file run-v2.cif (mmCIF, N, CA and C atoms)
data_structure
#
loop_
_atom_site.label_atom_id
_atom_site.label_comp_id
_atom_site.auth_asym_id
_atom_site.auth_seq_id
_atom_site.Cartn_x
_atom_site.Cartn_y
_atom_site.Cartn_z
N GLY R 1 -89.03 89.76 161.64
CA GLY R 1 -88.63 90.59 160.52
C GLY R 1 -89.52 90.40 159.31
N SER R 2 -90.00 91.50 158.75
CA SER R 2 -90.87 91.44 157.58
C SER R 2 -90.18 92.04 156.36
N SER R 3 -90.84 91.94 155.21
CA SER R 3 -90.29 92.47 153.97
C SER R 3 -90.37 93.99 153.94
N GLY R 4 -89.42 94.64 154.62
CA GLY R 4 -89.40 96.09 154.66
C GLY R 4 -88.42 96.68 153.67
N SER R 5 -87.14 96.64 154.01
CA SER R 5 -86.09 97.18 153.15
C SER R 5 -85.06 96.11 152.81
N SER R 6 -84.13 96.46 151.92
CA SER R 6 -83.08 95.53 151.51
C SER R 6 -81.70 96.17 151.65
N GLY R 7 -81.46 96.81 152.80
CA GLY R 7 -80.18 97.45 153.03
C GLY R 7 -79.68 98.20 151.82
N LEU R 8 -80.58 98.90 151.14
CA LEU R 8 -80.22 99.67 149.95
C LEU R 8 -79.92 101.12 150.31
N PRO R 9 -78.94 101.71 149.62
CA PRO R 9 -78.54 103.10 149.84
C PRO R 9 -79.60 104.09 149.38
N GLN R 10 -80.01 104.97 150.28
CA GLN R 10 -81.02 105.98 149.96
C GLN R 10 -80.41 107.37 149.93
N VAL R 11 -81.02 108.27 149.16
CA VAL R 11 -80.53 109.64 149.04
C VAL R 11 -81.67 110.64 149.23
N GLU R 12 -81.83 111.12 150.46
CA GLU R 12 -82.88 112.08 150.77
C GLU R 12 -82.70 113.36 149.96
N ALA R 13 -81.61 114.08 150.24
CA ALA R 13 -81.33 115.32 149.53
C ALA R 13 -79.83 115.47 149.28
N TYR R 14 -79.47 116.45 148.45
CA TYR R 14 -78.07 116.70 148.12
C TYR R 14 -77.83 118.18 147.84
N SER R 15 -76.71 118.69 148.33
CA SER R 15 -76.36 120.10 148.13
C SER R 15 -74.85 120.27 148.02
N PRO R 16 -74.43 121.34 147.33
CA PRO R 16 -75.35 122.29 146.70
C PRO R 16 -76.09 121.68 145.51
N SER R 17 -77.33 122.12 145.31
CA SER R 17 -78.14 121.62 144.21
C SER R 17 -77.32 121.53 142.92
N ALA R 18 -76.38 122.45 142.76
CA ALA R 18 -75.52 122.47 141.58
C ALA R 18 -74.10 122.87 141.94
N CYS R 19 -73.23 122.91 140.94
CA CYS R 19 -71.83 123.28 141.15
C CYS R 19 -71.17 123.66 139.83
N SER R 20 -69.94 124.17 139.92
CA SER R 20 -69.20 124.57 138.73
C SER R 20 -68.47 123.39 138.11
N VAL R 21 -68.24 123.45 136.80
CA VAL R 21 -67.55 122.39 136.09
C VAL R 21 -66.22 122.06 136.75
N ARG R 22 -65.70 123.01 137.52
CA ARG R 22 -64.42 122.82 138.21
C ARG R 22 -64.58 121.88 139.40
N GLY R 23 -65.70 122.02 140.11
CA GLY R 23 -65.96 121.18 141.26
C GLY R 23 -65.08 121.54 142.44
N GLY R 24 -64.15 120.65 142.78
CA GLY R 24 -63.25 120.90 143.90
C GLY R 24 -63.97 121.52 145.08
N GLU R 25 -65.18 121.05 145.35
CA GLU R 25 -65.97 121.56 146.46
C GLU R 25 -66.44 120.43 147.37
N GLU R 26 -67.03 120.79 148.50
CA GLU R 26 -67.52 119.81 149.46
C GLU R 26 -69.00 119.50 149.22
N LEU R 27 -69.27 118.32 148.67
CA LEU R 27 -70.64 117.91 148.39
C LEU R 27 -71.16 116.98 149.48
N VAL R 28 -72.32 117.32 150.04
CA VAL R 28 -72.93 116.51 151.09
C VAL R 28 -74.20 115.84 150.60
N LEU R 29 -74.27 114.52 150.77
CA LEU R 29 -75.44 113.76 150.34
C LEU R 29 -76.25 113.28 151.54
N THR R 30 -77.44 113.85 151.70
CA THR R 30 -78.31 113.48 152.81
C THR R 30 -79.11 112.22 152.49
N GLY R 31 -79.18 111.31 153.45
CA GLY R 31 -79.91 110.07 153.25
C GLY R 31 -79.77 109.12 154.42
N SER R 32 -79.62 107.83 154.11
CA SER R 32 -79.48 106.81 155.14
C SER R 32 -78.99 105.50 154.55
N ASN R 33 -78.88 104.47 155.39
CA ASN R 33 -78.42 103.16 154.95
C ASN R 33 -77.15 103.28 154.11
N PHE R 34 -76.19 104.05 154.62
CA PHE R 34 -74.92 104.25 153.92
C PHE R 34 -73.83 103.36 154.51
N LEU R 35 -72.84 103.02 153.69
CA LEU R 35 -71.74 102.18 154.13
C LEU R 35 -70.40 102.91 153.98
N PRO R 36 -69.45 102.58 154.86
CA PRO R 36 -68.11 103.19 154.84
C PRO R 36 -67.29 102.75 153.64
N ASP R 37 -67.82 101.78 152.89
CA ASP R 37 -67.13 101.27 151.71
C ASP R 37 -67.77 101.81 150.43
N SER R 38 -68.97 102.37 150.57
CA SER R 38 -69.69 102.92 149.43
C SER R 38 -68.83 103.92 148.67
N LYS R 39 -69.04 104.00 147.36
CA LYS R 39 -68.28 104.91 146.52
C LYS R 39 -69.22 105.81 145.71
N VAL R 40 -68.71 106.97 145.29
CA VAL R 40 -69.50 107.91 144.51
C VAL R 40 -68.80 108.26 143.20
N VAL R 41 -69.36 107.79 142.10
CA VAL R 41 -68.79 108.06 140.78
C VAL R 41 -69.77 108.84 139.91
N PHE R 42 -69.22 109.66 139.01
CA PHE R 42 -70.04 110.47 138.12
C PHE R 42 -70.10 109.85 136.73
N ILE R 43 -71.10 110.26 135.95
CA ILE R 43 -71.27 109.75 134.59
C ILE R 43 -71.57 110.87 133.61
N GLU R 44 -71.27 110.64 132.34
CA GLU R 44 -71.51 111.63 131.30
C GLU R 44 -72.05 110.98 130.03
N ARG R 45 -73.08 111.58 129.46
CA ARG R 45 -73.69 111.05 128.24
C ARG R 45 -73.09 111.71 127.00
N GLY R 46 -72.80 110.91 125.99
CA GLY R 46 -72.22 111.43 124.76
C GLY R 46 -73.22 111.47 123.63
N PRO R 47 -72.88 112.23 122.57
CA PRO R 47 -73.75 112.37 121.39
C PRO R 47 -73.83 111.08 120.58
N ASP R 48 -73.18 110.03 121.06
CA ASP R 48 -73.18 108.75 120.38
C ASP R 48 -74.38 107.91 120.81
N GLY R 49 -74.76 108.03 122.08
CA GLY R 49 -75.89 107.27 122.59
C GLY R 49 -75.56 106.56 123.89
N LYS R 50 -74.28 106.29 124.12
CA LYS R 50 -73.84 105.61 125.33
C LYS R 50 -73.02 106.54 126.21
N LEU R 51 -73.10 106.35 127.52
CA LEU R 51 -72.36 107.17 128.47
C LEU R 51 -71.13 106.44 128.98
N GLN R 52 -70.01 107.16 129.08
CA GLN R 52 -68.77 106.57 129.55
C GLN R 52 -67.88 107.63 130.20
N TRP R 53 -67.82 107.60 131.53
CA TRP R 53 -67.01 108.56 132.27
C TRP R 53 -66.52 107.96 133.59
N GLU R 54 -65.21 107.88 133.75
CA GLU R 54 -64.62 107.32 134.96
C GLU R 54 -63.88 108.40 135.75
N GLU R 55 -64.58 108.99 136.72
CA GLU R 55 -63.99 110.04 137.55
C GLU R 55 -64.21 109.75 139.03
N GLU R 56 -63.12 109.47 139.74
CA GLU R 56 -63.20 109.17 141.17
C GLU R 56 -63.18 110.45 141.99
N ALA R 57 -64.01 110.49 143.03
CA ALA R 57 -64.09 111.66 143.90
C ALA R 57 -63.69 111.31 145.33
N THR R 58 -62.87 112.16 145.94
CA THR R 58 -62.41 111.93 147.30
C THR R 58 -63.59 111.86 148.27
N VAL R 59 -63.53 110.91 149.20
CA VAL R 59 -64.59 110.74 150.19
C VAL R 59 -64.06 110.92 151.61
N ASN R 60 -64.66 111.84 152.34
CA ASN R 60 -64.25 112.12 153.72
C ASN R 60 -65.07 111.29 154.70
N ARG R 61 -64.50 110.19 155.16
CA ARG R 61 -65.18 109.31 156.11
C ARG R 61 -65.37 110.01 157.45
N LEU R 62 -64.42 110.86 157.82
CA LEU R 62 -64.48 111.59 159.08
C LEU R 62 -65.77 112.40 159.17
N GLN R 63 -66.17 113.00 158.05
CA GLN R 63 -67.38 113.80 158.01
C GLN R 63 -68.60 112.93 157.72
N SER R 64 -68.44 111.98 156.80
CA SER R 64 -69.53 111.08 156.43
C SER R 64 -69.89 110.17 157.60
N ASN R 65 -71.11 109.64 157.56
CA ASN R 65 -71.58 108.74 158.61
C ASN R 65 -72.62 107.76 158.07
N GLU R 66 -73.20 106.96 158.96
CA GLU R 66 -74.20 105.98 158.57
C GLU R 66 -75.29 106.63 157.72
N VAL R 67 -75.56 107.91 157.98
CA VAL R 67 -76.57 108.64 157.24
C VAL R 67 -76.01 109.93 156.65
N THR R 68 -74.75 109.87 156.21
CA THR R 68 -74.09 111.04 155.63
C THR R 68 -72.97 110.62 154.69
N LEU R 69 -72.89 111.29 153.54
CA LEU R 69 -71.86 110.98 152.55
C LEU R 69 -71.21 112.26 152.03
N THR R 70 -70.01 112.55 152.52
CA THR R 70 -69.28 113.74 152.10
C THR R 70 -68.15 113.39 151.14
N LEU R 71 -68.11 114.08 150.01
CA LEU R 71 -67.09 113.84 149.00
C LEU R 71 -66.69 115.14 148.31
N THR R 72 -65.57 115.10 147.59
CA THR R 72 -65.08 116.27 146.88
C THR R 72 -65.45 116.21 145.40
N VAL R 73 -66.44 117.01 145.00
CA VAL R 73 -66.88 117.05 143.62
C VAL R 73 -65.70 116.96 142.66
N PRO R 74 -65.72 115.94 141.78
CA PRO R 74 -64.66 115.73 140.79
C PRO R 74 -64.65 116.80 139.71
N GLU R 75 -63.66 116.73 138.83
CA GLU R 75 -63.54 117.70 137.74
C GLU R 75 -64.20 117.17 136.47
N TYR R 76 -64.99 118.03 135.82
CA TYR R 76 -65.68 117.65 134.60
C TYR R 76 -64.72 117.61 133.41
N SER R 77 -64.83 116.56 132.61
CA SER R 77 -63.97 116.40 131.44
C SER R 77 -63.70 117.75 130.77
N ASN R 78 -64.77 118.47 130.47
CA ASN R 78 -64.66 119.78 129.83
C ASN R 78 -64.95 120.90 130.82
N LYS R 79 -63.95 121.73 131.07
CA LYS R 79 -64.11 122.85 132.00
C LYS R 79 -64.24 124.17 131.25
N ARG R 80 -63.54 124.28 130.12
CA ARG R 80 -63.58 125.49 129.31
C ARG R 80 -64.85 125.53 128.46
N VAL R 81 -66.00 125.33 129.11
CA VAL R 81 -67.28 125.35 128.42
C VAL R 81 -68.06 126.62 128.73
N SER R 82 -68.71 127.17 127.71
CA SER R 82 -69.48 128.40 127.87
C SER R 82 -70.92 128.08 128.29
N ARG R 83 -71.28 126.80 128.20
CA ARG R 83 -72.63 126.37 128.56
C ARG R 83 -72.57 125.24 129.58
N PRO R 84 -73.58 125.19 130.47
CA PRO R 84 -73.67 124.16 131.51
C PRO R 84 -73.97 122.78 130.94
N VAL R 85 -73.60 121.75 131.69
CA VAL R 85 -73.83 120.37 131.26
C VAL R 85 -74.58 119.58 132.33
N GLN R 86 -75.57 118.81 131.89
CA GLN R 86 -76.37 118.00 132.81
C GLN R 86 -75.74 116.63 133.02
N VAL R 87 -75.34 116.35 134.25
CA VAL R 87 -74.72 115.07 134.58
C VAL R 87 -75.43 114.40 135.76
N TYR R 88 -75.12 113.13 135.98
CA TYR R 88 -75.73 112.38 137.07
C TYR R 88 -74.68 111.59 137.85
N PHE R 89 -75.07 111.08 139.01
CA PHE R 89 -74.16 110.31 139.85
C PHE R 89 -74.93 109.30 140.70
N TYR R 90 -74.22 108.31 141.22
CA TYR R 90 -74.83 107.28 142.05
C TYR R 90 -73.83 106.72 143.05
N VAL R 91 -74.32 105.88 143.96
CA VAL R 91 -73.47 105.27 144.98
C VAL R 91 -73.37 103.76 144.78
N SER R 92 -72.17 103.23 144.97
CA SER R 92 -71.94 101.80 144.81
C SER R 92 -71.88 101.10 146.17
N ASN R 93 -72.88 100.27 146.44
CA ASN R 93 -72.94 99.55 147.71
C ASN R 93 -73.18 98.06 147.47
N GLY R 94 -72.13 97.26 147.61
CA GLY R 94 -72.25 95.83 147.40
C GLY R 94 -71.98 95.42 145.97
N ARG R 95 -72.86 94.60 145.41
CA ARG R 95 -72.71 94.13 144.04
C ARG R 95 -73.99 94.37 143.24
N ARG R 96 -75.13 94.15 143.88
CA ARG R 96 -76.42 94.34 143.23
C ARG R 96 -77.11 95.60 143.74
N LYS R 97 -76.96 95.87 145.03
CA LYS R 97 -77.57 97.04 145.65
C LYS R 97 -76.88 98.32 145.18
N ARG R 98 -77.67 99.28 144.72
CA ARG R 98 -77.13 100.55 144.24
C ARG R 98 -78.10 101.70 144.54
N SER R 99 -77.63 102.92 144.33
CA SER R 99 -78.45 104.10 144.58
C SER R 99 -78.92 104.73 143.27
N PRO R 100 -80.05 105.45 143.32
CA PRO R 100 -80.62 106.11 142.14
C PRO R 100 -79.77 107.29 141.68
N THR R 101 -79.87 107.61 140.39
CA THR R 101 -79.11 108.71 139.81
C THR R 101 -79.77 110.05 140.14
N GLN R 102 -78.96 111.01 140.59
CA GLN R 102 -79.47 112.33 140.93
C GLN R 102 -79.24 113.31 139.79
N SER R 103 -80.19 114.22 139.59
CA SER R 103 -80.09 115.21 138.53
C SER R 103 -79.12 116.33 138.91
N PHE R 104 -77.94 116.31 138.30
CA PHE R 104 -76.93 117.32 138.58
C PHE R 104 -76.55 118.07 137.31
N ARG R 105 -75.93 119.24 137.48
CA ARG R 105 -75.51 120.06 136.35
C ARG R 105 -74.34 120.96 136.73
N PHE R 106 -73.39 121.10 135.82
CA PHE R 106 -72.22 121.93 136.06
C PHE R 106 -72.37 123.30 135.39
N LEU R 107 -72.21 124.35 136.18
CA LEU R 107 -72.34 125.71 135.67
C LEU R 107 -70.96 126.31 135.37
N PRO R 108 -70.87 127.04 134.25
CA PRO R 108 -69.62 127.68 133.83
C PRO R 108 -69.22 128.84 134.73
N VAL R 109 -67.92 129.00 134.95
CA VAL R 109 -67.42 130.07 135.80
C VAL R 109 -66.66 131.11 134.98
N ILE R 110 -66.25 130.72 133.77
CA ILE R 110 -65.52 131.61 132.89
C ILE R 110 -66.16 133.00 132.85
N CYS R 111 -67.49 133.03 132.86
CA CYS R 111 -68.22 134.29 132.83
C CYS R 111 -68.70 134.68 134.23
N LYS R 112 -69.42 133.77 134.87
CA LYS R 112 -69.94 134.01 136.21
C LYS R 112 -68.97 133.49 137.27
N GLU R 113 -68.07 134.35 137.72
CA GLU R 113 -67.09 133.97 138.74
C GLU R 113 -67.32 134.75 140.03
N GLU R 114 -66.72 134.27 141.12
CA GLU R 114 -66.86 134.93 142.41
C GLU R 114 -65.62 135.76 142.74
#
call {"tool": "encode", "arguments": {"input": "run-v2.cif", "output": "structure tokens"}}
result
Amino acid sequence: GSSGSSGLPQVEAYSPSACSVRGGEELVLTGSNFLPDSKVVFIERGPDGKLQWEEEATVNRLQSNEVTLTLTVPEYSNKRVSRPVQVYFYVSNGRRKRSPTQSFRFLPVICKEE
């Protein structure tokens, strides 16, 4: 065994690229080195300088796998927004090992609805 990897969670791709502030959708995270205990939490930056957001999202283990992470996009603090918000998320694996933050954004539905 050589110095290759450190059992760290990787994120190849993620879809849908974006979603509505409402969420309540099925988000699939493509990658590898995933664990059945890993968690997916979202974060939000404030006009103060520090970010603080605790929102848990349902995780479907049945769909998720060693190289798959399926969860239910959580609800954004502010839903009645006329403008989209840029947010990020990561995966918690272990104590030191973690995943990189992905560039996400919530689009308003008040105007653009299906």
call {"tool": "resolve_selection", "arguments": {"input": "run-v2.cif", "expression": "the PyMOL selection byres ((chain R and resi 104) around 5)", "output": "tab-separated table (two decimals) with N, CA and C atoms, keeping the file's coordinate frame"}}
result
chain	number	residue	atom	x	y	z
R	86	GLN	N	-75.57	118.81	131.89
R	86	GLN	CA	-76.37	118.00	132.81
R	86	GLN	C	-75.74	116.63	133.02
R	87	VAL	N	-75.34	116.35	134.25
R	87	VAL	CA	-74.72	115.07	134.58
R	87	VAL	C	-75.43	114.40	135.76
R	88	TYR	N	-75.12	113.13	135.98
R	88	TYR	CA	-75.73	112.38	137.07
R	88	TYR	C	-74.68	111.59	137.85
R	102	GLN	N	-78.96	111.01	140.59
R	102	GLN	CA	-79.47	112.33	140.93
R	102	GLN	C	-79.24	113.31	139.79
R	103	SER	N	-80.19	114.22	139.59
R	103	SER	CA	-80.09	115.21	138.53
R	103	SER	C	-79.12	116.33	138.91
R	105	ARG	N	-75.93	119.24	137.48
R	105	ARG	CA	-75.51	120.06	136.35
R	105	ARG	C	-74.34	120.96	136.73
R	106	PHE	N	-73.39	121.10	135.82
R	106	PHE	CA	-72.22	121.93	136.06
R	106	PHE	C	-72.37	123.30	135.39
call {"tool": "residues_near_point", "arguments": {"input": "run-v2.cif", "point": "(-68.9, 112.8, 151.9)", "cutoff": "9 Å", "atoms": "only C-alpha atoms", "output": "list in words"}}
result
residues 26, 27, 28, 29, 40, 58, 59, 60, 61, 62, 63, 64, 65, 68, 69, 70, 71 and 72 of chain R
call {"tool": "closest_residue", "arguments": {"input": "run-v2.cif", "among": "R:85, R:55, R:50, R:30", "to": "residue 13 of chain R", "atoms": "all atoms listed in the file"}}
result
R:30
call {"tool": "resolve_selection", "arguments": {"input": "run-v2.cif", "expression": "the PyMOL selection byres ((chain R and resi 21-24) around 7)", "output": "VMD selection string"}}
result
chain R and resid 19 to 20 25 to 26 72 to 76 78 to 79 105 to 109
call {"tool": "resolve_selection", "arguments": {"input": "run-v2.cif", "expression": "the PyMOL selection byres ((chain R and resi 32) around 6)", "output": "compact mmCIF listing (two decimals) with N, CA and C atoms, in the frame of the given file"}}
result
# COMPACT_ATOMS: atom_id res chain seq x y z
N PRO R 9 -78.94 101.71 149.62
CA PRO R 9 -78.54 103.10 149.84
C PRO R 9 -79.60 104.09 149.38
N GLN R 10 -80.01 104.97 150.28
CA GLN R 10 -81.02 105.98 149.96
C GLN R 10 -80.41 107.37 149.93
N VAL R 11 -81.02 108.27 149.16
CA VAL R 11 -80.53 109.64 149.04
C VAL R 11 -81.67 110.64 149.23
N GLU R 12 -81.83 111.12 150.46
CA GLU R 12 -82.88 112.08 150.77
C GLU R 12 -82.70 113.36 149.96
N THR R 30 -77.44 113.85 151.70
CA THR R 30 -78.31 113.48 152.81
C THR R 30 -79.11 112.22 152.49
N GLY R 31 -79.18 111.31 153.45
CA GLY R 31 -79.91 110.07 153.25
C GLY R 31 -79.77 109.12 154.42
N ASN R 33 -78.88 104.47 155.39
CA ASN R 33 -78.42 103.16 154.95
C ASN R 33 -77.15 103.28 154.11
N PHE R 34 -76.19 104.05 154.62
CA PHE R 34 -74.92 104.25 153.92
C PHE R 34 -73.83 103.36 154.51
N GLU R 66 -73.20 106.96 158.96
CA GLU R 66 -74.20 105.98 158.57
C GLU R 66 -75.29 106.63 157.72
N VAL R 67 -75.56 107.91 157.98
CA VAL R 67 -76.57 108.64 157.24
C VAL R 67 -76.01 109.93 156.65
N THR R 68 -74.75 109.87 156.21
CA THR R 68 -74.09 111.04 155.63
C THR R 68 -72.97 110.62 154.69
call {"tool": "atom_distance", "arguments": {"input": "run-v2.cif", "atom1": "atom C of residue 96 of chain R", "atom2": "atom N of residue 35 of chain R"}}
result
13.1 Å
call {"tool": "atom_distance", "arguments": {"input": "run-v2.cif", "atom1": "atom N of residue 82 of chain R", "atom2": "atom N of residue 46 of chain R"}}
result
16.9 Å
call {"tool": "atom_distance", "arguments": {"input": "run-v2.cif", "atom1": "atom C of residue 93 of chain R", "atom2": "atom CA of residue 41 of chain R"}}
result
12.8 Å
call {"tool": "axis_aligned_box", "arguments": {"input": "run-v2.cif", "around": "segment 30-40 of chain R", "padding_each_side": "8 Å", "output": "lines of an AutoDock Vina configuration file"}}
result
center_x = -73.5
center_y = 107.6
center_z = 149.3
size_x = 28.8
size_y = 28.6
size_z = 28.2
call {"tool": "closest_residue", "arguments": {"input": "run-v2.cif", "among": "R:38, R:3, R:17, R:52", "to": "residue 92 of chain R", "atoms": "only C-alpha atoms"}}
result
R:38
call {"tool": "residues_around", "arguments": {"input": "run-v2.cif", "residues": "residue 54 of chain R", "least_positions_apart": "4", "cutoff": "7 Å", "atoms": "only N, CA and C atoms", "output": "PyMOL selection string"}}
result
chain R and resi 42-44
call {"tool": "write_last_selection", "arguments": {"input": "run-v2.cif", "atoms": "N, CA and C atoms", "output": "CSV table (one decimal), in the frame of the given file"}}
result
chain,number,residue,atom,x,y,z
R,42,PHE,N,-69.2,109.7,139.0
R,42,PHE,CA,-70.0,110.5,138.1
R,42,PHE,C,-70.1,109.8,136.7
R,43,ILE,N,-71.1,110.3,136.0
R,43,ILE,CA,-71.3,109.8,134.6
R,43,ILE,C,-71.6,110.9,133.6
R,44,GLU,N,-71.3,110.6,132.3
R,44,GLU,CA,-71.5,111.6,131.3
R,44,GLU,C,-72.0,111.0,130.0
